[PDB]
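Take a look at this single chain, the form deposited in one PDB entry, given in structure tokens.
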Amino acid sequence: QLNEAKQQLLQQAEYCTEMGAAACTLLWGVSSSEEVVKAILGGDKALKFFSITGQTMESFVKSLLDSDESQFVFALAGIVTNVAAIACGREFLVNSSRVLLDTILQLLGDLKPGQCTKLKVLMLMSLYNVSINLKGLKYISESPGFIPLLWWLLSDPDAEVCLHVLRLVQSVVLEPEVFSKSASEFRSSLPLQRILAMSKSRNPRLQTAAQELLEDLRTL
């Protein structure tokens, strides 16, 4: 009996991730539309969706993925990103889905450098989008361990992860008011050595990102 119970437990999970991957990929596909995002935000169904979204990403990252589960979480991370790309979407996420923003910040710290590189980029993109909203920048940069998270993520050798970290950093340093205490002290908390090292990188896009970020830092 035990074996029969475990057997269809596995059978229930593979169906669930299959449905999840199919439904959410369709949603991710159409979420690039502003009108689709506005429609999604309509109702309390947005709340329940983003709630269960954070749980699934968390539940899957903790299991460390097959091409089914991985496509599922990619879609979830892609939807959040595209919602956050719309002004009212990032405004909705910081007012109504701070738990999900916390989960995203947490999960970026659980993933060791080199695992789920594409999931990190997607999550980093959503954070960047949220940081365009003024409350969103405040909540993110006030999150405990936010700056340490940047160092942790910059230890990934993948250039695309590093490009998107520097994008997030670029966003945060352009706001001096939220700066932790002294502006010069906040600069010293940033991974300057890693940024300067990347300002001499083979990757052209990453080299320019780090080099421009270096300019902003020197002129404060």
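Residue numbers here begin at 1 and follow the sequence given. Definition used throughout: the rigid core is the maximal C-alpha set that superposes within 1.5 Å between two forms. Only residues modelled in both forms are compared.
We do not show the form deposited in another entry, though everything after this point is about it.
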- [ ] Can you spot, among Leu190, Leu27, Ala39, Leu47, the one with a CA shift of 2 Å or more between the shown form and the other one after core superposition?
- [x] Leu47
Open item on the list: When the rigid core is used for the superposition, does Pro157 move between the shown form and the other one (threshold: C-alpha shift of 2 Å or more)?
Closed with: no
- [ ] Classify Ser59 as shifted (yes) or not shifted (no) between the shown form and the other one, where shifted means its C-alpha moves by 2 Å or more with the rigid core superposed.
- [x] no
Task: Core-aligned C-alpha movement of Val178 between the shown form and the other one reaching 2 Å - done: yes
TODO: With a shift of at least 3 angstroms, figure out whether the C-alpha spacing between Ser180 and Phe146 grows or shrinks in that other deposited form: closer or farther?
DONE: farther
Open item on the list: At a change of 3 Å or more, would you call the C-alpha separation of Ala183 and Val172 in that other deposited form closer or farther than in the form supplied?
Closed with: closer
Task: Large-shift segments between the shown form and the other one, meaning 3+ residue runs whose Cα move 2 Å or more when the rigid core is superposed - done: 42-47, 175-186
